[PDB]
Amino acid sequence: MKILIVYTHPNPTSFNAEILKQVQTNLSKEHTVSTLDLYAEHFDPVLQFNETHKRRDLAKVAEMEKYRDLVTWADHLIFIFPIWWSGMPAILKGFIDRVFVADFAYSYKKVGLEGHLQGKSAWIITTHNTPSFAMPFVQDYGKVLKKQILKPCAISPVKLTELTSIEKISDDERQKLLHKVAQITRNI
């Protein structure tokens, strides 16, 4: 299938960068793969609208066309990012804000939303330093992207993989998680 990896981290030698490598090298050669590196793209995540350029025409904003096309093209999206303040780094938040717009990713129904991205699945891989025993007691941490962004847009299924206590654990332990990620990737 057609695979889009949306990767979010400022540092090319980060652990996230390593996670990206595991995914890229382990995806079968039968898939066609594009990597979207938001930091490398110098992506501008600030959504602009007003009376001059109306919110209604956001799906037609030129600067965002490339990204709309990458999303439409894809069958499966893989998101890689660290948890910053319980959620997506700002550049990735604004990727959603700006690219997942009405009349593209969804449209408004009599009540609620009608998702337009049917036929697509996703995988979320996220790192954070919070212990797993604590996770039922915390808000978001990837649950927003999965349950309240991707799902309402008709993207299903959405697998969520959290790698927890990521800075407390050891290099050994981290490398076991990378191996887990590599194997999940092969099993797609």
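Note that residue numbering follows the sequence shown and begins at 1.
> Take the C-alpha B-factors listed in the entry for 131-139 and for 63-71, compute each mean, and give the stretch with the larger one.
So the stretch with the higher mean C-alpha B-factor is 131-139.
> Comparing 179-187 with 2-10, which stretch shows the greater average C-alpha B-factor in the deposited entry?
Mean B over CA atoms: larger for 179-187.
> Using the entry's values, work out which of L92, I78, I83, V111 has the largest Cα B factor.
Spelled out: the listed residue with the top C-alpha B-factor is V111.
> Which third of the chain holds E167 when residues are ordered by C-alpha B factor: lowest, middle or highest?
CA B-factor rank for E167: highest third.
> Determine, from the deposited record, the chain-internal third of the Cα B-factor for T161: lowest, middle or highest.
Within its chain, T161 is a lowest-third residue by C-alpha B-factor, going by the deposited values.
> Going by the CA temperature factor in the PDB record, which third of the chain does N50 belong to: lowest, middle or highest?
Highest third, going by the recorded CA B-factors of the chain.
> Going by the recorded CA B-factors, say which third of the chain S28 sits in, lowest, middle or highest.
Tercile = highest for this residue's CA B-factor.
> Lowest, middle or highest third: where is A102 by C-alpha B factor in its chain?
Top third by C-alpha B-factor.
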